[PDB]
Structures are given as C-alpha cells and as structure tokens.
Amino acid sequence: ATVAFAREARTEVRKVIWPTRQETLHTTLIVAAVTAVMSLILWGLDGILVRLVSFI
Amino acid sequence: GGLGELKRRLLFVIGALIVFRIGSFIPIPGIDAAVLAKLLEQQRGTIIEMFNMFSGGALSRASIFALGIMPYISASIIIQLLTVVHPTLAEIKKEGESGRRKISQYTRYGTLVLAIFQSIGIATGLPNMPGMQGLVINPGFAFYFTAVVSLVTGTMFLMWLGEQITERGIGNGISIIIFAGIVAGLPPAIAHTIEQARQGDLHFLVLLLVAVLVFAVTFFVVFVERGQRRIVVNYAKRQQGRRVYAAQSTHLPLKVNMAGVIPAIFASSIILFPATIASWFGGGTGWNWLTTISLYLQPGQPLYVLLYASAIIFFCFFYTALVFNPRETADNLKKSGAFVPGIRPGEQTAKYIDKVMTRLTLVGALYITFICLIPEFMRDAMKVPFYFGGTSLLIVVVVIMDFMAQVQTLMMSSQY
Amino acid sequence: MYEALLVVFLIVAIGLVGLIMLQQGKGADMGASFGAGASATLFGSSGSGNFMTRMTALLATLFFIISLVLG
C-alpha cells in the first residue's frame, strides 16, 4: 500500500546538471595517463626486481 | 610534475611503493610458494582469489603480508562497531581529539591483536591439516611462533608504510598501496593476453571489444562521479542588514559520490570475512561444508555479485549520508542570512536536503551497481582474465579520481 | 647458532613494536579518514620524529637481512 517514490526519484535525476564533454574527456585522458605511467613504472620496477632476485 | 614540492612527494610515494614491492617479493622462510601457486590453479584456489586481489598478489608468493592491509580495515570495522554498541568509547570520542588519539591507539593495538590471531589461525590450521602437504617444515611450536612474529612484523611495517605515505606525502597510504598492488598485476595479464593471442587461443577482436568496453565504462563512471545537482538561490536584497553583499556561493552543489574507496573496501572485508574464515580448512568436514558455503559466494557466481552489489549500495549510501551534514550547511546559511526560494530557514531545510540526497544516492548506487555488474557478465562471455574484474576497476577509478581531486584541491588552495 | 638468531629476531621484533608504539601520526583525523589525508600547505619536522624514523629504517634493513639469511 506504500506509494512508490521512484517517480519522485527520477524527477530529481532530470534536474541534475550533467558535466560538459571536454571536462570528462580531458579527465579520462588524465586517468589513462596516470594509469599508463604507473603501469609502466611498476612493470619496470618488479621486472628489474625479478631480474635481481633471479641472480641470487 | 613541474612543481618541485609535489615532485618530492611523488618521489616519496613511488619510492615507498618500491620498498613495499621489494618487501612484498620476499617469501616467508620455510614456505614453498611453488606448490601454493600450483594449488591455486584448481577450483579450491579460486575461492581465495578475491582475497588475493587485496593482498597485492603477495598471498600466492607467501610474502611477509598474509592478509595485506585487510586486517587493519577489519580492525577499523570492529572499532566502529564497539563505538556504536559500547557507549564507553562513544564518551571518549566526544572528549575531543585527545580521545581520538586513544581510539587511534586502540585501533592499532586491535590491528595487532587481529594480526596475531589471524597469523595463528592461518599458519597453524591450513598447512598442518593434512598435514605437511604443502610445507616440509614439521608442525611444531617453532614454525608457529616464527610465522606469527613474522606476519606481525610485516603487518606492523606495512602500517608504518601506510602512515609514512599519509604523513610525508599526498593521499592515503593504504589507498595508493592497494592501488599499486592491484595495477601491478595488469601488465603480466596484458602480456600473457598478447602472447596467447598469436597462438590462436585468444581472438584479437575479443580483446579489442574488452578494451573498448573498459574505456566506455571509464568514460561513463568519470562522467557520473563529476555529475552534480546545484540548488539555485537568490539572496539577498537590502544591503544594510549586515549580511549582503555576497561575494559568496550563489548555489549549493550536491555530489552523488563523496567520493571514497572506503565503503568498497569495508564492504569487501565484511562479505569476504565469512569466506576467509571458512577457507582455512580445505579438507575434512570443511570440504563437505565450509568449502561448499565458500563456493556459495564466488566472483564467478551471480549470487556473490548480487550480495556484494547490495553491500556496495548500503555502504555507499550510509557513508554518503554520514559525510554530508545538512545541519552545518543550514547553520552556515542561517548565520549568513541566506534565504532559499523554494523555502524558510530551519529544520525544514535539512529535511529537503535529505529528501534530495535520498533520491540521488539511491540511483547513484544503482549506477555503481550496474558498472560493477557488467564486467562479471563480460568475464563469463568473453573469458577475460580476473585482473579486468569490476571491483579492481572501481577501486582504480575511485583512487585515481579522488587523488587527482585532492591534487587540484591543493593547487587551488595554494593559488588563492 | 640458529637459536641465537631467534633471540635477536625476537629482540628486534619486540623492540620495533615498542618504537611504533611511541610513534603516532600527527593530525586532526586518522589516515583512514579521507577528509584530508595530507597537507601540502605547510609541513614541519621534529628531531625526535626523524631520529626514530632512522631507527626503524635501520631495523627494517636489519630485518630484511635476517629474512634473507633465514630464508
């Protein structure tokens, strides 16, 4: 018997202002950049670390 | 990168990750990681896979960190639990930061005790159960004490590393350590994916669709997290009431996410705890019951996905509701003489904000639920490895976005 | 010889516990709290904090060596 609040829920969603394209795009480029950099750095790190342990 | 101030912090964090890596590549004496890694290839090692993701891959190598930073988070859960239940800690918490240091000390000590107990349980229970199947070392009190003290020193040094990165560097130590540990497994996954692609075992088009879908999820969740609902309010006329002219915020922003990985990690610990405690017995009655109920919750099983999704919803909603305080906002608008069209200032304004956030954080949690749901079905359909899992992606995205947000915040604060 | 190493390993372990027991992170909120997490505006340095830092670092290096020998 409880009235569904989903109608008022979707109403608030329609009033939500969405960010622009350039901001999200540049942000995605930043995230991808950090991800790639950290990936390469850690790959080289644990790579030469494995190469170091293998000598022992 | 240009500023030397942030450069020193960056080199400090990276160096800390180097030390942590070297420390994580050192296995526990008297323990062979080869038979362990071979054991994880079976279905009985798939249940501990999700627990291995938070260990930075140091579980299979049997490093000085058995559970990783998980027992610290679990200790925080226990501390908060005792804070909610026992009013004694609640009174001390209300005594100011002087009591917060006490809660701190008791949290670290609790982390120590949990580290000891878990060390005992793990080291004694699983290997010596057959016994001596995986380990050559006899089930004596020497191995027990050694493993205990070793895991204790490891967890302690890990917490120390977490405190050093937090203090002398930007961002949280636990966050960047977990992040690094998760993204450390991505390059071998990609490499092995490419190597097996030329063998005809894995199609190139599949990998392409996976990458495209990953980029799509990325762009999507990035677009969502920065999405916000602003409340327009025009105030105030009549400049001689000693409040105007503002020269203040003309709109009140409302964010869907805080954002933080804390609810994700906490929920992960909560859900994986019964799976962790039941994973100590591989054979015997544990195989007939504990292993079965351990198979009840699996990353490959939809049930665990749904349960973890509900956990994400609950924890994120509770955390979002806890962080944002309508009281302080209403008091801030009251002292400044802000009058919301739309409204009248008072407790009625606090009820409105809660009403909006209730309809916001809900569908936000639905979005997060969807984003977390997709990569599992994608893993089932496209047979992608476990490094592409939804939880890892969510953790990575949240950590990176929040860290960059903090960086831009510090740059904005240093500007004007 | 092996028993002697266990004694030293115990002293360093317990000793390191006593060190981190006296070491507490300065701030309004713990590192677990994401409210701030750090301050790049101003950072101070204490003589006692840096001294204990060099001590726990030397013991960590020592703990690393013993781990290699025992391992």
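We count from 1, first residue shown onward.
Header says: electron microscopy, 4.8 Å.
Each Cβ is built from the backbone N, Cα and C atoms, and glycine gets one as well.
These come from Swiss-Prot:
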- B:48-57: intramembrane segment (INTRAMEM)
- B:58-63: intramembrane segment (INTRAMEM)
- B:64-83: intramembrane segment (INTRAMEM)
- B:23-47: topological domain 'Periplasmic' (TOPO_DOM)
- B:84-102: topological domain 'Cytoplasmic' (TOPO_DOM)
- B:119-151: topological domain 'Periplasmic' (TOPO_DOM)
- B:166-170: topological domain 'Cytoplasmic' (TOPO_DOM)
- B:188-210: topological domain 'Periplasmic' (TOPO_DOM)
- B:225-260: topological domain 'Cytoplasmic' (TOPO_DOM)
- B:275-300: topological domain 'Periplasmic' (TOPO_DOM)
- B:317-367: topological domain 'Cytoplasmic' (TOPO_DOM)
- B:10-22: transmembrane segment (TRANSMEM)
- B:48-83: transmembrane segment (TRANSMEM)
- B:103-118: transmembrane segment (TRANSMEM)
- B:152-165: transmembrane segment (TRANSMEM)
- B:171-187: transmembrane segment (TRANSMEM)
- B:211-224: transmembrane segment (TRANSMEM)
- B:261-274: transmembrane segment (TRANSMEM)
- B:301-316: transmembrane segment (TRANSMEM)
- B:368-382: transmembrane segment (TRANSMEM)
- B:384-400: transmembrane segment (TRANSMEM)
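Here the topological domain 'Periplasmic' (B:23-47) is broken down by DSSP into helix, strand and coil counts: 12 helix, 1 strand, 12 coil.
Within the same chain, residues 24, 40, 65-70, 177-178, 180-182, 184-185, 265, 268, 272, 275-276, 279, 298-299, 386, 389, 391-392 sit at least 6 positions outside the intramembrane segment (B:48-57) and bring their C-beta atoms closer than 8 Å to a C-beta of that stretch.
Residues 56-58, 60-65, 134-137, 143, 146-147, 150, 154, 157, 181, 275, 279, 282, 291, 294-295, 298-300 of the same chain lie 6+ residues outside the topological domain 'Periplasmic' (B:23-47) yet bring a C-beta within less than 8 angstroms of a C-beta in it. Under the criterion of 3 or more C-beta pairs below 8 Å, with sequence separation of 6 or more, the transmembrane segment (B:152-165) and the transmembrane segment (B:10-22) qualify as touching. Beyond the ends of the topological domain 'Periplasmic' (B:275-300), by six or more residues, the same chain brings 44, 46-51, 67, 121-122, 125-126, 129-130, 307, 376, 379-380, 386, 389 to within a C-beta distance below 8 angstroms of the stretch. Residues in the topological domain 'Cytoplasmic' (B:225-260) partition by DSSP class (helix H, G, I; strand E, B; coil) as 1 helix, 10 strand, 25 coil. With a cut-off of 8 Å between Cβ atoms, the residues of this chain six or more beyond the transmembrane segment (B:261-274) that come close are 50-51, 54, 70, 73-74, 76-77, 175, 178, 293, 297, 304, 307-308, 311-312, 314-316, 318-319, 391, 394-395, 398-399, 402. Long-range contacts of the transmembrane segment (B:171-187) within the same chain: residues 13, 16-17, 20-21, 24, 53-58, 68-69, 72-73, 158, 161-165, 261, 265, 387, 392, 395-396, 399-400, 402-403, 406, each at least 6 residues beyond the stretch ends and with a Cβ under 8 Å from a Cβ of the stretch. Non-local neighbours of the topological domain 'Periplasmic' (B:119-151) in the same chain are 28-32, 35-36, 39, 64-67, 280-284; each lies 6+ residues outside the stretch with a CB under 8 Å from one of its CB atoms.
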